[PDB]
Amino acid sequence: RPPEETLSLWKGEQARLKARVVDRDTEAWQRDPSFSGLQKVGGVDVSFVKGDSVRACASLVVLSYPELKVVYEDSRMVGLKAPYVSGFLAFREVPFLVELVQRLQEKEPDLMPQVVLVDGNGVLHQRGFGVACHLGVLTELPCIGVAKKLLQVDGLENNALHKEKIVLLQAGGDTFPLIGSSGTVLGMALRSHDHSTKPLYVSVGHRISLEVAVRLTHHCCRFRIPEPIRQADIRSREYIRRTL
């Protein structure tokens, strides 16, 4: 676990970049009732090795929309430089994802995604600047944060009341808002699939509104996990498994 000097630097870096986050729609396809004009959706993930604190595999996929077929994949082995500390996930993962986006620009610039689904939160975060905001600000791409568990910040808890609301979600697309103690909506719990009970936690990363982000996340869900994140997850784990 890092020294305080490193944590301060990281908090200071998060506060500096937070000023560049845009939490409204800035792309024409976002204001369209069926997202007409959206053709390419990105997904990123990093997989790790059970006995290894140094090596990891980072993946970027691009999928066509709305067919959700993989049209681009880049999976590469990387050397970790920071351990996992909750609230500082970007400093473990985002440097490698930025490089993957730069590599896409050099190899297949016409397949640059119009929005990236990130495994982890955006503005639903201890300091309002999670890994999905961090990636968005560093690449300037629109980003959505999709987390598989609830980050307990600003009075949010996975308590008895919270689980009552999860029971109330009955079908894919059903949602309920995640309200901070300041009264502000930090994200949405989303039941992504008809045949899944555990919701997703969706928040704004960059250059997108929450309502658009929730609706797009739902439209990418063949299973519980949205297909761009699901394919990056499957492919980066396969790469590690085959070289292990």
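All residue numbers refer to positions in the sequence shown, first residue = 1.
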Per the entry, higher mean C-alpha B factor between 36 to 44 and 173 to 181: 173 to 181
47 to 55 versus 189 to 197 - greater average Cα B-factor per the deposited record: 47 to 55
Peak C-alpha temperature factor (PDB record), options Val116, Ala82, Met112, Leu100: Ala82
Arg92, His134, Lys163, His125, ranked by C-alpha B-factor: the highest one: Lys163
Third assignment of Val153 from its chain's C-alpha B-factors: highest
Where the record places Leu141 (Cα B-factor, split into thirds across the chain): lowest
Relative C-alpha B-factor of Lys11, binned into the chain's lowest, middle or highest third: highest
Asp233 by Cα B-factor - lowest, middle or highest third of the modelled chain: lowest
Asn121 - Cα temperature factor, lowest/middle/highest third of chain: middle
